[PDB]
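K.L.:
Have a look at this one before I ask anything.
Laboratory data are not the source of any read-out in this text; all were calculated from the coordinates shown. When we count neighbours, we look across all protein chains shown, and the Cβ atoms used for this are built from the backbone with ideal geometry, even at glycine.
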Amino acid sequence: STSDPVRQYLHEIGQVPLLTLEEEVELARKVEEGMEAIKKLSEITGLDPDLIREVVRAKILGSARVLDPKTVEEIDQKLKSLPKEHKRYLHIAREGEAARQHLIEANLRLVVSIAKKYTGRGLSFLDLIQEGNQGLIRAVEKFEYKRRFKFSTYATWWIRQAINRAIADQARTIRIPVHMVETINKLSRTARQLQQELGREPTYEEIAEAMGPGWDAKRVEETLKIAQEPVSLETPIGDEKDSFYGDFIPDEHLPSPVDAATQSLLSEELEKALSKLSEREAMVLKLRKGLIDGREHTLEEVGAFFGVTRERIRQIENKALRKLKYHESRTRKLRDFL
Amino acid sequence: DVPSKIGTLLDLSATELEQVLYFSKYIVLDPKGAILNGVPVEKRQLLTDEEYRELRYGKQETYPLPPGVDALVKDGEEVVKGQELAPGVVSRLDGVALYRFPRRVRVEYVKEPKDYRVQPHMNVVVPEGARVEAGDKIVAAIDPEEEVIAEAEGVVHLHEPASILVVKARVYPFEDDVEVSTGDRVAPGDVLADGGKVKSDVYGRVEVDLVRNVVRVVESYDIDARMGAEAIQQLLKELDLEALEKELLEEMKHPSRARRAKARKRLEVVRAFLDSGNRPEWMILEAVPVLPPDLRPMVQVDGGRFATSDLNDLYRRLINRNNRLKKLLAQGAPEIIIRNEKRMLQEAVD
DNA sequence: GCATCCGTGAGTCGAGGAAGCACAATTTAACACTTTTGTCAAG
DNA sequence: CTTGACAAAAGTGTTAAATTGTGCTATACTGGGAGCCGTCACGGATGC
């Protein structure tokens, strides 16, 4: 279906026939032989094994794929300049790289069957399939046909692992580490088992006891507080959808008009009070309290500006602070701002 | 947005644009002398997935023979459509016939039709009709205890294929080193092996069979067809708005009112881009802007709970899919997987 | 011309707020110590 | 304005927990699941 992404994907993966026992073994053997051939090529030419595999993969995948192409063509020519005995490993590498593509493409139904069992846990059906496909790609890399086990027995481990790790890493807006995700899942299981056995919702004490050593009611509660998903700001309230959560949440970052005015009123009053001080006493207090440059200066730094020793600055500031205290008492025009 | 601006400039229908944009059909950007069903392939032509596969990789089919039976054809013999390969199976295309998995290998010792049985975990290491000196390997296996070798000199004959592969290709025998490798693409006259003694006589994909020491050229073309917005952006970058306007103006003199009505609609969009100074390819996004965080806040409510906007969830989906596509491209994943990831990335942006 | 399809539009305030483990790698916490800073009394 | 004790007040440097990221399981497993459903206007576009 053009409209349905899932139906379109299923149709595409249904165009590749399933592999028989003989077909699967040859593909796995070719992949295994190619990797061994690539390793030998690196030894013979001294090139990085990763670079050799990337050059081989680029040649197989063709020009329909976007190291620039010229460097690939240069390494390709160098490999092709090897003698026949060494060109044989290059041919094996190309055949193995092609086999890797066909072995992967033939097991795309396996991921879909496994992935359909993980829906409803935070990731969509197509997202589960793509994560599973990544485990399937990893399985082809590590699968060993010498053991005579079928591919699905070993691949099902990687497909499930990739899907589960994807859920632990992408299912929540605020990501919780995988280990903490495991703790949350285990706690939910324990509560569910206790709930079905006590005929009621267990308390944190029961859950902590069932979890095991190192768990108490406080830890059970903190873990449950950790696992709370954020609520949407656009959730409707009421039968008619014209009100939302965001309409009821005040902004408490920006200062209010009343807060801004009292800050500016205080600055004006403090400026007038600092007028009664001497020319240098006002500078000392304004420098030490961060009223000039925005940041507090120290006695030594203040002395550096004025060339006086640290001790003297402390005394002169204290006298000025005493002066201001006397002025405030005789006026009481600055106590309301505190 | 009906009528689409992208479709109007490129002259693509609403359905045609959707098929390309969401990876349902290919659009030809360079035919490369490709012929489809006896007709040359032309630029801007829409190809279905089967047509693209036939053009880009060729025609081939595998027919599974029933167990025990022996095919009526030899390995490497050309067949014609309708010919019976095995006693009960008839091919549907002409090409080289190849044994897939020979179940029994019948060697002929000279002094003697000794036979050996082939198992799925075993592979034959010699071609049909080969003289084997006493000692040479014949059938390989995982365990050397079951490995098959030749006691004396003889001729190796392969029988009882698991299936028959019919491939439309040209087979080029060789003796010395081949100058090409598997997956390479060649054109007529290109050297294949033996210093020009063997050369390609047809387009196709070259694959070297070391067991049969021949070079097969699977007849196919190096056509340039693409899907998605990468193809559309390629067409939108190639547009010459000056040239398009002149052609549209000439068609504005057509007697038919529908033709002039359509030409006016196209030229109104063309005129808009010409006058404003915008580029048509800017309608395809390469970088997606991200809204400032304070306009999509994640705030802590008076109770300590967190509230967030829907845009964060939509951004996370696009970022997750974008990152996954990069990983898949780095892994060299098959085209089917990549197409699904690209189709999901487009939907996430939408 | 012609149906058939899709897309856009349809009053205002108010009140209702499901693996598990192993191990490596990174980060956080707790010491330790030295190095400012702030006072002090003098002087 | 100094001038020397002083004491926290702070910072720098290791170290060890505590937290977090990552790889790995080998019987065989191979194409999803939920709508379902009482309105009426218009353009405007295409199927031709």
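K.L.:
Report P(r) for the stretch B:43-91: all Cα-Cα distances, bin width 10 Å, range 0 to the bin holding the largest distance, values in whole percent.
P.N.:
20, 38, 23, 15, 4, 0
K.L.:
Over the Cα atoms of the protein assembly as shown, compute the convex hull volume and normalise it per residue, giving Å³.
P.N.:
Per residue, the Cα convex hull of the protein assembly as shown comes to 355 Å³.
K.L.:
Next question. With +1 assigned to the C-beta of every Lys and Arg and -1 to the C-beta of every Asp and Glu, and no other charges, what is the dipole magnitude of chain A about the Cα centre in debye, to the nearest 20? All intermediate terms of the calculation are to be shown ahead of the outcome.
P.N.:
Values: 57 positive and 57 negative charges, 224 e Å.
For this selection, approximately 1080 debye.
K.L.:
Cα centroid distance between the stretch B:206-283 and the stretch A:113-191, in Å?
P.N.:
One Cα centre to the other: 42 Å.
K.L.:
Follow-up question, since we're still on this one. Enumerate the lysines that residue B:326 could reach by cross-link, defined here as Cα to Cα under 21 Å, with residues fewer than 8 away along the same chain left out.
P.N.:
A:59, B:342
K.L.:
Taking amide H positions as placed 1.01 Å from N in the peptide plane, with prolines and chain starts having none, which residues 5 or more places from residue B:169, or on another chain, fall under 5 Å of its amide H?
P.N.:
For residue B:169, the qualifying residues are B:96, B:219.
K.L.:
Additional query: Find the percent of Cα-Cα distances in the stretch A:92-245 that exceed 27 Å, and round it to a whole number.
P.N.:
Numbers: 5713 of 11781 pairs.
Above the 27 Å cut-off, the stretch A:92-245 has 48 percent of its Cα pairs.
K.L.:
Order these by the 10 Å Cβ neighbour count, fewest first: B:53, A:57, A:192.
P.N.:
Exposure proxy ranking, most exposed first: A:192, B:53, A:57.
K.L.:
When the Cα centres of the stretch A:28-64 and the stretch A:217-295 are compared, how far apart do they sit, in Å?
P.N.:
Their Cα centres are 61 Å away from one another.
K.L.:
Using the alpha-carbon centroid of each, what span in Å lies between the stretch B:1-48 and the stretch B:92-157?
P.N.:
50 Å
K.L.:
To the nearest 20 debye, what is the magnitude of the charge dipole of the stretch B:206-350 about its Cα centre, counting +1 on the Cβ of each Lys and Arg and -1 on the Cβ of each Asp and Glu? Can you show the working numbers first?
P.N.:
Values: 26 positive and 25 negative charges, 92 e Å.
In total the dipole reaches around 440 debye.
K.L.:
List nothing, just return the count: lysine pairs in the stretch A:214-338, 8 or more apart or interchain, with Cα separation under 17 Å.
P.N.:
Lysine pairs meeting the criterion: 18.
K.L.:
I've got another one for you. To the nearest 0.05, how large is the calculated FRET efficiency for residue A:54 and residue B:234 if R₀ is 22 Å and r is the Cβ-Cβ distance?
P.N.:
In this case the efficiency is close to 0.30.
K.L.:
Between residue B:186 and residues 5 or more places away or on another chain, which pairs have amide H atoms under 5 Å apart, with H built 1.01 Å from N, and which residues are they?
P.N.:
Placed amide hydrogens put B:204, B:206 under 5 Å from residue B:186.
K.L.:
Right, another one. What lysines could a cross-link reach from residue A:150, if we take a straight Cα to Cα line under 29 Å and drop same-chain neighbours fewer than 8 places away?
P.N.:
Reachable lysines: A:30, A:39, A:40, A:116, A:117, A:142, B:137, B:327.
K.L.:
Decide, for the stretch B:214-350, between rounded, prolate and oblate: order the square roots of the alpha carbon gyration tensor eigenvalues as a ≥ b ≥ c, take rounded if a/c falls under 1.5, and otherwise choose prolate if a/b is larger than b/c, else oblate.
P.N.:
Values: a/c = 3.43, a/b = 1.32, b/c = 2.60.
Because a/c hits 1.5 or more and a/b fails to exceed b/c, the stretch B:214-350 counts as oblate.
K.L.:
Among B:183, B:263, B:231, flag the residue with its Cα farthest along the positive direction of the charge dipole of chain B, charges on Cβ as +1 for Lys/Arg and -1 for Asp/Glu.
P.N.:
Among B:183, B:263, B:231, the one farthest towards the positive end of the dipole of chain B is B:263.
K.L.:
Moving to a separate point now. Taking θ as phi - 60°, what are the ³J(HN,Hα) couplings along the stretch A:103-115 by the Karplus curve (6.51, -1.76, 1.60), each to the nearest whole Hz, with x for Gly and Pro?
P.N.:
5, 5, 5, 7, 10, 7, 6, 4, 5, 4, 5, 6, 6
K.L.:
Where a ≥ b ≥ c are the square roots of the eigenvalues of the C-alpha gyration tensor, would you call the stretch A:224-317 rounded, which needs a/c under 1.5, or, failing that, prolate if a/b is larger than b/c, or oblate?
P.N.:
Numbers: a/c = 6.31, a/b = 2.63, b/c = 2.40.
Prolate, because a/c is 1.5 or more and a/b exceeds b/c.
K.L.:
While we're on this one: Assuming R0 = 60 Å, what is the FRET efficiency of residue A:245 and residue A:67, from their Cβ-Cβ distance, to the nearest 0.05? Present the calculation step by step, with values, prior to reporting the outcome.
P.N.:
Values: r = 50 Å, r/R0 = 0.84.
About 0.75, to the nearest 0.05.
K.L.:
Work out from phi, with θ = phi - 60° and the Karplus expression 6.51 cos²θ - 1.76 cosθ + 1.60, the ³J(HN,Hα) of each residue of the stretch B:198-208, listed in order in whole Hz, and give x for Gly and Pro.
P.N.:
So the Karplus estimates, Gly and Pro as x, are 10, 9, 6, 10, 6, 5, x, 9, 8, 10, 9 Hz.
K.L.:
Which order do the peptides B:153-160, B:171-178, A:267-274 take when ranked by the mean count of other beta-carbon atoms within 10 Å per residue, highest first? Walk me through the numbers before you get to the answer.
P.N.:
Details: B:153-160: 18.6, B:171-178: 15.9, A:267-274: 14.0.
Taking the mean over residues of other Cβ atoms within 10 Å, the ranking is B:153-160, B:171-178, A:267-274.
K.L.:
Going by how many other beta carbons lie within 10 Å of each one, how would you line up A:158, A:215, B:282, fewest first? Provide the component values of the computation, followed by the final result.
P.N.:
On the way: A:158 21, A:215 18, B:282 11.
If I rank by nearby Cβ atoms, fewest first, I get B:282, A:215, A:158.
K.L.:
Let me ask something else. Three principal axis extents, largest first, for the C-alpha atoms of the stretch B:28-140, in Å?
P.N.:
Here the Cα extents, ordered largest to smallest, are 66, 31, 25 Å.
K.L.:
Taking every residue in B:182-191, how many Cβ atoms of other protein chains lie within 10 Å of its Cβ, on average?
P.N.:
Numbers: counts 12, 11, 6, 3, 0, 0, 0, 0, 0, 0.
The mean count of partner-chain Cβ atoms within 10 Å per residue comes to 3.
K.L.:
Excluding residue A:208 itself, what net charge comes from residues whose Cβ is under 14 Å from its Cβ, given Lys and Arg +1 and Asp and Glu -1?
P.N.:
Details: positive: A:186, A:218, A:219; negative: A:205, A:206, A:209, A:216, A:221, A:222.
The answer is -3.
K.L.:
List every residue whose amide H lies under 5 Å from the amide H of residue B:47, counting only residues 5 or more places away in sequence or on a different chain, with H placed 1.01 Å from N in the peptide plane.
P.N.:
B:26, B:27, B:28
K.L.:
On to the next question. Using just the helices of chain A, give the 222 nm mean residue ellipticity in deg cm²/dmol: DSSP H runs with n ≥ 4 each add -39,500 (n - 2.57), and the total is spread over all residues, rounded to 500. Don't skip to the end; give the middle numbers.
P.N.:
Numbers: 15 runs with 225 residues, N = 338.
Only helices count here, giving -22000 deg cm²/dmol.
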